[PDB]
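Chains as they are written, first to last, in PDB author numbering: chain n, 32 to 113; chain J, 7 to 188; chain X, 1 to 142; chain e, 75 to 133. Reading through the structure tokens given below for one structure.
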RNA sequence: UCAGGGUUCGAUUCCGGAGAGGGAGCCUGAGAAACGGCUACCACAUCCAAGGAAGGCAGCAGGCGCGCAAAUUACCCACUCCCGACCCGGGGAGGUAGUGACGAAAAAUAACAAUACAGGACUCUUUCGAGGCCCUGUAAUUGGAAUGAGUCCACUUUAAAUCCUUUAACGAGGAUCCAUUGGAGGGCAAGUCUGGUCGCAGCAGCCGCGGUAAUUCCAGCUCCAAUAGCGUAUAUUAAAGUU
RNA sequence: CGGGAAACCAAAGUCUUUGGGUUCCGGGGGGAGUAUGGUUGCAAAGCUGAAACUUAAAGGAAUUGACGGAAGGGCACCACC
RNA sequence: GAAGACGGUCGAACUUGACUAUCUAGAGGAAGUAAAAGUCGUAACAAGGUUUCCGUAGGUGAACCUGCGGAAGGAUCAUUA
């Protein structure tokens, strides 16, 4: 039960530069089940795993969509500015 | 304060064929553990090695004569070995049972006075067996030849005489206090 | 046969052997006293240190996990070392500034499994045995 | 390259519904137990030439 | 550590050598460059009424520090020996007990019938079927048959004791007087399991498992192996004809 | 003949039935002909030559497909003409 | 026949430099390594469409390119005049 994230830059080979909406940029690792048919982008919403580890980093588990983004205001996640 | 180990484990550890062999030995021979067997596989290997060395020596060779004859005479006193054997050429062609056969446990079976390699070990470890003036509790013993005849129940263990049993004697007074009086 | 065969030539053979022994890594290690000089543990078998921080390390492919070690300053030589914390949730049992007994993998100094750059494992805290702690034979005393 | 989490640490141990201990028997002292092994294994243990069989089988 | 060849260690119960905080010097005496002698400096520490004064456990215990790691601030000169003026005294030499799973030896925690049955080579019978020896289990409880582990008059041990090795009176029907520690995918001995999870937690020296019928996990059940021991880490050796 | 893993090899034969003389180099792969000291060099560079760390294969040979803007190849308007 | 004492020898120790060996702190810098599923080129696995590679020198975003002499471990064991 954590927040989300927002890809900022791409690295390659199980490496991607993201920008947590909270204002935390870290290198997240794609998810194994997601990577199967998900290819994180430099401009999209995602979900990464992070536990007792300072949170300085997180691994990508699943991805998100855009069209829904307009609904995100309804997602009760993004503020009146996203 | 000198001491030495008395057993040796086998190089290797899982060779069904060897494991079965050992289990049959434990069973026939009311043994307790693999060490129980391992101890003998070890005893035997040293005897065989002792033998093999000797057999490479010249015959008549004061060293070969003096120690060969001794090894043989020692091996025969315990019945482990027999005369034609009773030369070195024959010990080379020998085996573990031959030792294992001389322990208490299997003898107390072997003449009725147990009827089980079982019964035998609990009998021995429980003090009902003397080798003639002496109780012997070591199911592990090694009965020497002219000592075969002196093995018998002990002077007081009940068979062997002597009252009954801390549990039999309990039972006698078990029909005494209630059924006799109050 | 690459090697004289003269009755005399003991010195050449003896010495030629001395010269090639080096290439043996176990041999060289021993003669150079590497274990005393480079190694984090003294040339001892176990070593105790304080926990600096807890790391979740990123197990190498094709495996995928968060590993869970601590970083430890060995009291004996202030050396900094990361050590694995084995079994399920056992991190739990070690806290920052802890103390801990570390031991080798059993790999000869070479890291283990998927666990990358970690060469040691925790064995005791609460001075107190992760095993006895994990089972609940004994506790996180305090 | 580490960042990530531990939130999930010990998730299966803590989710694995505990099981009773139940109980039952004592198995036997040293040599006697060796004896039961030898009779169950070898005497027992007659075997068939069924092309074999097993020690920890179900159906 | 064993083919044989070899391979490695040796501070450590004996021998030879060396030192008693570090360095140096010296007295005595046959023998000492002695430290349970002395003396200086050097490093350390202590008492003091502050001028002074006294000290060296790499002796036995014990304590701090150190660490992965190591025992009683216990009894005795009786044994073994030593010394002295000495038969007679004195000996933390040394013995003696306590701690002591370095490690090594012996090897308990349950044996025998009976019913009862479950069974197989043997014989008889055309078959069905029946008998039968060798017995193992498995209950049903029986049934008589048992021993120290504890406990304990007495006695032994020994300087005096302890323990052992000794024994009257007690001490075995299981729910015990209650055995463990690793493993069960391959190597590798042992689940073509049941619940749970779903490349998560974990497992896994190596190869590899787990992405929803998991024989690798997590637990039970069951089974294996070694067994009063077994696992783990590490130096090193064997394996290694990879010196 | 015989050798070798084979490709091959009258020497790469006479090697477990392992012993004619002598000399040199190697002990998994990377780090690396690298660091560092010495030496030689006008210079460019050469010789000697580590480790930390890294990693479970690096590599050889033969066998077979797949595939080729390699050679002789073919076959079909799902190819061309 | 003592303290003391003349001068000497041994010479601990102390103070300052030199010497040699071994070990060890360090802002920063530049290698190599891992390594690896990233970015930019195509330098040399099918003649990789410029055969490949060695020695060496100069040069280039970067793989690399190029001359001069080698090699085939090549794409020729042949050239039939």
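The beta carbon of each residue, even a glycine, is placed where N, CA and C say it ideally should be.
Pair within 8 angstroms by beta-carbon distance, residue i and residue j
i	j	result
residue 77 (chain n)	residue 106 (chain n)	no
residue 111 (chain X)	residue 119 (chain X)	yes
residue 45 (chain J)	residue 15 (chain J)	no
residue 127 (chain J)	residue 36 (chain J)	yes
residue 179 (chain J)	residue 164 (chain J)	no
residue 91 (chain e)	residue 91 (chain X)	no
residue 104 (chain n)	residue 75 (chain n)	no
residue 194 (chain J)	residue 62 (chain J)	Because chain J spans 7 through 188 in this model, residue 194 (chain J) falls outside it and cannot be assessed.
residue 38 (chain J)	residue 108 (chain e)	yes
residue 108 (chain J)	residue 53 (chain J)	no
residue 92 (chain n)	residue 62 (chain n)	yes
residue 88 (chain X)	residue 87 (chain e)	yes
residue 60 (chain X)	residue 99 (chain X)	no
Neighbour-count burial assignment, residue i, 16 or more Cβ in a 10 Å radius
i	result
residue 90 (chain n)	buried
residue 145 (chain J)	buried
residue 42 (chain J)	buried
residue 75 (chain X)	exposed
residue 80 (chain X)	exposed
residue 111 (chain J)	buried
residue 74 (chain J)	buried
residue 31 (chain X)	exposed
residue 29 (chain J)	buried
residue 124 (chain X)	buried
residue 17 (chain X)	exposed
residue 81 (chain n)	buried
residue 67 (chain n)	exposed
Min CB distance residue i to chain X below 8 angstroms
i	result
residue 98 (chain n)	no
residue 87 (chain e)	yes
residue 43 (chain n)	no
residue 83 (chain e)	yes
Cut-off 7 angstroms between Cβ atoms - residues of its own chain near residue i, not counting five sequence neighbours on either side
i	result
residue 140 (chain X)	93, 126 and 133
residue 43 (chain X)	35 and 36
residue 92 (chain J)	78 and 82
residue 194 (chain J)	Residue numbering for chain J in the displayed model covers 7 to 188; residue 194 (chain J) lies beyond these limits and cannot be assessed.
residue 121 (chain J)	115
residue 170 (chain J)	164 and 178
Candidates the options: closest to residue i by CA position
i	options	result
residue 53 (chain X)	X:64, X:84, X:59 and X:47	X:84
residue 77 (chain e)	X:40, X:56 and X:28	X:56
residue 57 (chain n)	n:39, n:64 and n:43	n:39
residue 102 (chain X)	X:4, X:129 and X:65	X:129
residue 151 (chain J)	J:185, J:84 and J:176	J:84
residue 58 (chain X)	X:4, X:79, X:69 and X:135	X:69
residue 97 (chain X)	X:15, X:82 and X:72	X:72
residue 71 (chain J)	J:89, J:94, J:90 and J:49	J:94
residue 106 (chain e)	J:55, J:125 and J:69	J:125
residue 116 (chain e)	J:86, J:122, J:23 and J:166	J:23
residue 106 (chain X)	X:95, X:65, X:46 and X:135	X:46
Own chain partners of residue i with C-beta closer than 8 angstroms, once the 5 adjacent residues on each side are dropped
i	result
residue 110 (chain e)	102
residue 50 (chain n)	36, 37, 38, 39 and 56
residue 86 (chain X)	121, 122 and 130
residue 27 (chain X)	21
residue 1 (chain X)	none
Beta-carbon proximity list for residue i, same chain, < 6 angstroms, skipping 5 on both sides
i	result
residue 136 (chain J)	160
residue 157 (chain J)	137
residue 97 (chain J)	57
Chain e contact for residue i (CB, 8 angstroms cutoff)
i	result
residue 89 (chain n)	yes
residue 136 (chain X)	no
residue 37 (chain J)	yes
residue 68 (chain X)	yes
Within-8 angstroms CB hit, residue i to chain n
i	result
residue 115 (chain e)	no
residue 54 (chain X)	yes
residue 64 (chain X)	yes
CB contact below 8 angstroms: residue i versus chain J
i	result
residue 124 (chain e)	no
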